[PDB]
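K.L.:
Take a look at this one; I'll ask things after.
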Amino acid sequence: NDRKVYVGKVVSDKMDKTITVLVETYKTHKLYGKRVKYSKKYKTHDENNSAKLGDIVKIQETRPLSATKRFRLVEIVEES
Amino acid sequence: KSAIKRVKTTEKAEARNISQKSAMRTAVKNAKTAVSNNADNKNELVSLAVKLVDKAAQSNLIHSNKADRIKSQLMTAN
Amino acid sequence: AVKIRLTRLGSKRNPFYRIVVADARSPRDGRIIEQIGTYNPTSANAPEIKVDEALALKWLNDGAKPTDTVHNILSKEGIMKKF
Amino acid sequence: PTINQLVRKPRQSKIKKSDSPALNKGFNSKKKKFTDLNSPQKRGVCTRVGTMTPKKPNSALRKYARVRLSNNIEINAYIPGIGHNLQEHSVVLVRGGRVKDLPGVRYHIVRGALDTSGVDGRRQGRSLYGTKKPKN
RNA sequence: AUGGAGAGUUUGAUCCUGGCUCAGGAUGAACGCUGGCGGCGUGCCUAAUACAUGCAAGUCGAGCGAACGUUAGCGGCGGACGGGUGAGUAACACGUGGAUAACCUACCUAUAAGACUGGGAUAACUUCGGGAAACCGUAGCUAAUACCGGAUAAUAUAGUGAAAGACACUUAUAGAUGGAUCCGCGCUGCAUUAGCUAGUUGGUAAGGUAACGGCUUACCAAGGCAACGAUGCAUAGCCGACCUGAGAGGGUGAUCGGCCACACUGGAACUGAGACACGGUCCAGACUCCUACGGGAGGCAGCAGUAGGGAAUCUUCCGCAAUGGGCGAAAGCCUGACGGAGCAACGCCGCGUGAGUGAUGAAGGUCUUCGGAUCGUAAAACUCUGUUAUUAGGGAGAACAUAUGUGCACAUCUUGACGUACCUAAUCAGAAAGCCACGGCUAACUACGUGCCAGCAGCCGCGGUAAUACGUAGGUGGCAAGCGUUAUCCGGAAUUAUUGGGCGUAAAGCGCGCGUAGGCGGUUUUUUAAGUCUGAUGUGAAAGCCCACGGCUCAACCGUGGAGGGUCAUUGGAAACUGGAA
Ligand SMILES: [Mg+2]
Ligand SMILES: [Mg+2]
Ligand SMILES: [Mg+2]
Ligand SMILES: [Mg+2]
Ligand SMILES: [Mg+2]
Ligand SMILES: [Mg+2]
Ligand SMILES: [Mg+2]
Ligand SMILES: [Mg+2]
Ligand SMILES: [Mg+2]
Ligand SMILES: [Mg+2]
């Protein structure tokens, strides 16, 4: 039994751990069969790990501990 | 119409209970007061409150982790 | 709290029964934990005993109860004193 | 059209203009609101009778009424019959279906309906426009 | 492969786009005018409007306060589960799939164990007093598996429990059991709704909750959301399912199950493991009656009924025999949960109001030019039959223990509301009738009054004097205990076209540039593995549809094992094309 493992870029960051995580994904439309792409804006927290314009890093869901952030990982690979 | 017995059982029940719970909140009131008062109750008062949350804990009138938050809020202040 | 189902299935004017792990407060056709067989209560059946009780062996071996005077079908089985 | 402008503004079915538009709705007594019912028949009381003549390919002259239904949606309904009824302030039971060539009627009156049981001098119609005394 | 049809109508005629209307199935259906059967399923969908009236959860004293195996009141549980309706809710409420290094739980039954010492008090009881009663207090008691003090014991960083059979209660580890929160994806219409949000979005604390958290306050700050449709209004309880469809799709949500939300309307707590509680308390408000008017009462969205509004949906019914549901050791017990009869033709089917004969066969209807066909082998009047009617034995679901012999298990004695059913056996002719049409779509033709009148109408249309389209008559056609009509959905409709349409003149190309957001992309070599392809699992409950099987005199209807339960979940795996990078 494990956490989530989603990866993806960021938009920016502000003070106090506002590690928002943009995630892009594909889906079909339900009838016409076109491969439509769409995103989702997520949130997680850390110390000073990321910055604006490109901080693609995996996150992992945990107990909530916020009002919107429900991921506890900032494990970093690619950046600017 | 079985409730018309139950109208005055619970009245006697909490009518007894709120005094014991008020003495529970009063019995713990002087304890963390007393550790920051530099008083003579560095002993013999925290164990009184441990008797209060213990004797309250034996009844169902307070939940278990609540009493863990009194004990975890008092002996951990030592 | 866990019990054994004896519900009123089948065509009307012909009260049948299905045997399943039930609960004491959920109703007859209510939420079913797991199946425990059936029995032809039709009183016009020669071969009827339908309890493959290896999938019902966990019930009385983990805290069941007898059901509501179905005890003579509990008589034709024998699952007790094995422990 | 191509697919990208077809997953963007999708298909959108045709509207359904419905027959008997002056029906299906019950305006409430307490709450004083229109509703939706999809009801087969409704009551109503009558105001006029009259008869306008012209039906340009049909050319005879026939009568009509102005019933208004439960909670006052006034209407023009056509009376089937060689004879008629003799009642102002009726208790009709109206019926859908447009008698054509009269501009402004889409509704019938069922003969009988606890106000007038139709015409007495008709034998082999026997359910239309209110007859009786058959033992066929 | 067990899988799809069309017709009429624009003109003097023909093609072609385009509407319009039929032929099929449906139903929690009604209304007309005529009605006899049996086996089932189902009946305020408009007012979640108001309740005159009776009834829907009560049980128990071997623990202890009355008479001769009958009563209290303690208290022990139980009223948080059954049952009921859709008002609100476009939301993690539901449907699917996961997460608890965020968490809870007595009732049942594994263990590992205890009941030590007391003491004090109080209901009932009686007495007084006041109030048409209602509400109450005083006075003196006395209990009780009802309270409570100290004794020594895990689970906090050192800590508390026990009142019962004879010769039951409680303290921990557990299981199952029900919960609770969060997360990914899936959730109708309006752009003639484009700027929302201010504890609003983060941090540190302080608390508080079973549990983390902007859940609440103290500061610190700036955020967070959005053309991948935020906010706003309007409407709608969701789902496995049901109806339609060859399939793709489209339309529904009452039956019968899963899950919410709600109980005159609003709030907030109480006891309780568990409610912010349908048959509970407290507050404010609007209904509603009793009324010494002094204060005092209840909640039909539990069964039947009235008033209302309705197109319309009923017994002010009987019984626990069974099933489960509580309590009590155990009988017993309260149950409009449930089981049966009402009551309606409300669907679905299963039969039969007659039978072998019987010469044109008829008296009498119609056609008639009448010579003869027609109703019509119809009819008699012979010959034939019990289905309906007087009596009968009329006795399917119908079981399981508070015992004794053996060592909670076996055999052996204990329980029927509807009592019509199955039955057999004499044997009647008691109405299988009435609806609608008849010119073409689409099987069904002649006469009489009527003459653009009165009148039919799904559509084109029929009648201005001889209408097969009006109203009758006769005959014929389709029906079947009904027929037909109005109303809602799907197909026909490829008339919303992903399968499966078009834009010159028929409806349809922006007046034409430059352009961001988004959509699509030449040629080759490498690596990747998101889309792609594949297979090992966990899962999509059951009732229902699809075929097989047993049973109901076959049928309607029931039980058995399988498709088969979709986009998913985690790793194995292949790398031609689309991404992704050199
Ligand atoms: Mg023209
Ligand atoms: Mg009401
Ligand atoms: Mg209803
Ligand atoms: Mg009325
Ligand atoms: Mg016809
Ligand atoms: Mg006619
Ligand atoms: Mg076209
Ligand atoms: Mg250009
Ligand atoms: Mg570009
Ligand atoms: Mg397997």
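All residue names refer to the structure tokens as shown: chains lettered A, B, ... in order, residues numbered from 1 in each chain, ligands numbered from 1 in order.
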Distance limit 7 Å, reference ligand 7, atoms considered: only C-alpha atoms (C1' of nucleotides) and all ligand atoms. Which residues make the cut? Give them as a PyMOL selection string.

P.N.:
chain E and resi 17+501-502

K.L.:
Using the chain letters and numbers from this document, which residues of range 2-83 of chain C does DSSP assign to alpha helix (DSSP H), as a VMD selection string?

P.N.:
chain C and resid 57 to 60 73 to 76

K.L.:
Residues as selected, N, CA, C and O atoms, written as an mmCIF file, in the first residue's frame, can you do that?

P.N.:
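Output file selection00.cif is given in full below:
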data_model
loop_
_atom_site.group_PDB
_atom_site.id
_atom_site.type_symbol
_atom_site.label_atom_id
_atom_site.label_comp_id
_atom_site.auth_asym_id
_atom_site.auth_seq_id
_atom_site.Cartn_x
_atom_site.Cartn_y
_atom_site.Cartn_z
ATOM 1 N N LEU C 57 -17.451 -21.783 7.183
ATOM 2 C CA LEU C 57 -16.742 -22.269 8.357
ATOM 3 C C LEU C 57 -16.157 -21.135 9.177
ATOM 4 O O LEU C 57 -15.898 -21.318 10.368
ATOM 5 N N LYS C 58 -15.952 -19.970 8.574
ATOM 6 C CA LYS C 58 -15.388 -18.848 9.303
ATOM 7 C C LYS C 58 -16.395 -18.174 10.220
ATOM 8 O O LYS C 58 -15.980 -17.424 11.106
ATOM 9 N N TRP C 59 -17.696 -18.431 10.042
ATOM 10 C CA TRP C 59 -18.718 -17.708 10.801
ATOM 11 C C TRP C 59 -18.737 -18.149 12.258
ATOM 12 O O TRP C 59 -18.446 -17.359 13.164
ATOM 13 N N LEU C 60 -19.044 -19.423 12.503
ATOM 14 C CA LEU C 60 -19.077 -19.936 13.864
ATOM 15 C C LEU C 60 -17.690 -20.118 14.464
ATOM 16 O O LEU C 60 -17.583 -20.362 15.667
ATOM 17 N N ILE C 73 -31.907 -27.453 10.849
ATOM 18 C CA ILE C 73 -30.948 -27.516 9.757
ATOM 19 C C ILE C 73 -29.534 -27.454 10.323
ATOM 20 O O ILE C 73 -28.612 -28.088 9.795
ATOM 21 N N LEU C 74 -29.358 -26.767 11.454
ATOM 22 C CA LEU C 74 -28.138 -26.882 12.244
ATOM 23 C C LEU C 74 -27.990 -28.250 12.896
ATOM 24 O O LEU C 74 -26.907 -28.559 13.404
ATOM 25 N N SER C 75 -29.045 -29.064 12.911
ATOM 26 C CA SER C 75 -28.928 -30.430 13.391
ATOM 27 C C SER C 75 -28.428 -31.366 12.309
ATOM 28 O O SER C 75 -27.714 -32.324 12.612
ATOM 29 N N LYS C 76 -28.809 -31.132 11.054
ATOM 30 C CA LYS C 76 -28.392 -32.026 9.982
ATOM 31 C C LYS C 76 -26.943 -31.808 9.582
ATOM 32 O O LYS C 76 -26.349 -32.687 8.951
#

K.L.:
Hey, what's within 9 Å of range 45-53 of chain C if we count only C-alpha atoms (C1' of nucleotides) and toss same-chain stuff fewer than 6 positions away? As a count of residues only, please?

P.N.:
9

K.L.:
Mind listing the residues within 8 Å of ligand 5, only C-alpha atoms (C1' of nucleotides) and all ligand atoms counted, as a ChimeraX atom specification?

P.N.:
/E:436-438,444,477-478

K.L.:
Which distance in Å separates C1' of residue 82 in chain E and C1' of residue 326 in chain E, to one decimal?

P.N.:
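Value for the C1' of residue 82 in chain E-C1' of residue 326 in chain E distance: 10.5 Å.
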
K.L.:
Could the residues of chain E within 6 Å of chain C, counting only C-alpha atoms (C1' of nucleotides), be given as a VMD selection string, please?

P.N.:
chain E and resid 81 108 to 109 558

K.L.:
Provide as a PyMOL selection string the residues of chain A at most 7 Å from chain E, counting only C-alpha atoms (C1' of nucleotides).

P.N.:
chain A and resi 16+18+31-32+38-39+63-67

K.L.:
Need to verify the contact set: residue 66 in chain B, 9 Å, only C-alpha atoms (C1' of nucleotides), exclusion of same-chain residues closer than 5 positions in sequence. Can you return it as number ranges by chain?

P.N.:
B: 71; E: 209-210

K.L.:
At a cut-off of 9 Å and counting only C-alpha atoms (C1' of nucleotides) and all ligand atoms, what residues surround ligand 8? Please answer as a PDB file with C-alpha atoms (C1' of nucleotides), in the first residue's frame.

P.N.:
ATOM      1  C1'   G E 513      -5.629  41.583 -44.014  1.00  0.00           C
ATOM      2  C1'   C E 514      -1.614  40.925 -39.793  1.00  0.00           C
ATOM      3  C1'   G E 515      -1.902  37.946 -35.867  1.00  0.00           C
TER       4        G E 515
END

K.L.:
Taking only C-alpha atoms (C1' of nucleotides) and all ligand atoms into account, which residues are within 12 Å of ligand 2, as a PyMOL selection string?

P.N.:
chain E and resi 47-51+85+87+263-265+287+299-301

K.L.:
Hey, which residues sit close to ligand 6? Say within 10 Å, counting only C-alpha atoms (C1' of nucleotides) and all ligand atoms, and write them as a PyMOL selection string.

P.N.:
(chain D and resi 124-125+128) or (chain E and resi 437+455-457+469-471)

K.L.:
With C-alpha atoms (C1' of nucleotides) retained, could you export that selection as a PDB file, in the first residue's frame?

P.N.:
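Output contents, as saved in out.pdb:
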ATOM      1  CA  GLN D 124     -74.445   3.988 -34.716  1.00  0.00           C
ATOM      2  CA  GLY D 125     -71.867   6.430 -33.499  1.00  0.00           C
ATOM      3  CA  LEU D 128     -68.286   9.432 -30.387  1.00  0.00           C
TER       4      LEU D 128
ATOM      5  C1'   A E 437     -64.029   0.856 -39.270  1.00  0.00           C
ATOM      6  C1'   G E 455     -72.225  17.289 -40.413  1.00  0.00           C
ATOM      7  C1'   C E 456     -66.455  13.838 -40.867  1.00  0.00           C
ATOM      8  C1'   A E 457     -61.649  14.336 -40.257  1.00  0.00           C
ATOM      9  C1'   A E 469     -65.690   9.873 -47.187  1.00  0.00           C
ATOM     10  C1'   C E 470     -72.659  13.074 -43.871  1.00  0.00           C
ATOM     11  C1'   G E 471     -76.881  10.106 -40.579  1.00  0.00           C
TER      12        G E 471
END

K.L.:
Which residues sit within 12 Å of ligand 4, counting only C-alpha atoms (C1' of nucleotides) and all ligand atoms, listed as number ranges by chain?

P.N.:
D: 42-43, 70; E: 46, 307-312

K.L.:
What's around range 137-143 of chain E at 10 Å? Count only C-alpha atoms (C1' of nucleotides), leave out sequence neighbours fewer than 4 positions away in its own chain, and write the answer as a list in words.

P.N.:
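Within the cut-off, the hits are residues 64, 65, 74, 122, 123, 124, 125, 126, 127, 128, 129 and 130 of chain E.
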